[PDB]
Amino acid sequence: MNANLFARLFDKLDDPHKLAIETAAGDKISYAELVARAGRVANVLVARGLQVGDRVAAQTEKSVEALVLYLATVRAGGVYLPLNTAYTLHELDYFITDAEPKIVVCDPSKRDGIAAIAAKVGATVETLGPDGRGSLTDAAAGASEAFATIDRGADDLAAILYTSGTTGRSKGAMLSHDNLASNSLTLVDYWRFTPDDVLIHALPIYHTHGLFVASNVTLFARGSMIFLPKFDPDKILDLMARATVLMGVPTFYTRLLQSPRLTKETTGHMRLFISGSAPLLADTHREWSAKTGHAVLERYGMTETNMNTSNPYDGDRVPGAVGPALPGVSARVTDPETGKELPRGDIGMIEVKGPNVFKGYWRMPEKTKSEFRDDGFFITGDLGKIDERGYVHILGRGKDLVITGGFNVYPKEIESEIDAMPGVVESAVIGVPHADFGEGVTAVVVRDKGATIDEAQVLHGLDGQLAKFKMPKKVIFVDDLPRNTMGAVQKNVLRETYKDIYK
């Protein structure tokens, strides 16, 4: 009855020699082998000063060794803290100072620089490279495989993941053993994962999607995964003939749609395509079904909440919607201010509650308090509505709402109109200060190479479909939209870039 995620996963292992992970080089690792690797690394953590509750901060390229470090940290009663591989030394200083890890694991090439930061909190530094080699690996080579998995309670911490930083400086979400186990166990059943599943895993593992959703679901299900270092369209297509599931972000799908190899035949062996982490556009959903005959299953989650909602595996998968609340999870829509729940169909603030919901922000009890309602619901900061069937629809982030001339203007329906115009790839509608209207609705648009469509053409096209107060005051064409490492459009960046256009 140990609640320790590692114990939930592996204490009882009925089929130990079954495949768990195939590496990018084609090496194969069984469940028993994975467990033994984690035992060695857990012993290394203790030998390097880990005490129960200590954080282990890890910035490494993706590898099975890096995944093992996650498992071992949890197993040893530590708190795993993955960090975006792109963070610079200076950025890392903030996270290391905030979290005060006892151990920091980094790429061999950064050891000297990171050691300086680590010394500020007295952390021990080990290394792990893209090839799975380094001081961590040397230490594990002589360590014992046997390790008594540490007793942990449901609410004890297993991890701290920093948010993606879309709306400001990343905050450290404190995730418990039960947060992670309850969510992944629910998903195994809800998505019907079985030991026969083979998951193509091409996502980063410093983010909740690639780290927890991909790994924990597979591992609980006793299925396996195939690692790829990053999104590679041709390698992903190659693997579909011998895999059953792909978890991706919308950019995976729009990029795969550009391959002439993406056909019914090429995807015919696959069971399920899942999309998450950013909005899957309804047009993208329809394009995928038109080209491949598969209905993409989209789900919605956050760093702070793990997965909240999902389109059903055995029900209607609705373009533009993220599905009803998962089993065990409650979702509602409230008046953003007052907090009163709204009638089904009304747009407002999405709030969630459940065993998936985190314990708060690391050493930010005040900001934690402001993000929870009195009755324990968490304010997502996402605006949307819940339809008559209980499907949640996300309209945008609260900060993406544009208030202009006294009106609430929701950008997505404008973007949908612009996207539908011939010559348009995609568009982002934002608001920036305007002296006459409060904010000026501004359309930032990516067009096809050689497309003729221009500003006047775009505004005229909208004129006959859109209320006057919703009309963009100008259209700005760009080579591409700014996106973070997980493929999300950064409207924060756009608002900053164009803040002065109406000055």
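One rule holds for the numbers: they count along the sequence shown, beginning at 1.
For this session: Would you determine, from the values in the PDB entry, which of 374 to 382 and 239 to 247 has the greater average C-alpha temperature factor?
Result: Taking the mean C-alpha B-factor of 239 to 247 and of 374 to 382, the larger value falls to 374 to 382.
Exercise. Is the mean CA B factor in the deposited entry higher across 329 to 337 or across 122 to 130?
Worked result: The entry gives the higher C-alpha B-factor average to 329 to 337.
Problem set entry | Top Cα B factor in the deposited entry, candidates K359, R299, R317, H209 | So the option with the highest C-alpha B-factor is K359.
For this session: Name the one of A115, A139, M307, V322 with the greatest CA B-factor according to the PDB entry.
Result: That would be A115, according to the entry.
For this session: Among all modelled residues of this chain, ranked by Cα B factor, put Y94 in the bottom, middle or top third, i.e. lowest, middle or highest.
Result: For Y94, whose C-alpha B-factor we compare with every modelled residue in the chain, the answer is the highest third.
Problem set entry | Chain third (lowest, middle, highest) by recorded CA B-factor, residue given as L262 | Its C-alpha B-factor, which the entry lists for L262, ranks in the middle third among residues of this chain.
For this session: Determine, from the deposited record, the chain-internal third of the Cα B-factor for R40: lowest, middle or highest.
Result: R40: CA B-factor falls in the lowest third of its chain.
Problem set entry | Position of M270 among the chain's modelled residues by C-alpha B-factor, lowest, middle or highest third | Its C-alpha B-factor belongs to the lowest third of this chain's values.
Exercise. What third of its chain, lowest, middle or highest, does the C-alpha temperature factor of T442 fall into?
Worked result: Within its chain, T442 is a middle-third residue by C-alpha B-factor, going by the deposited values.
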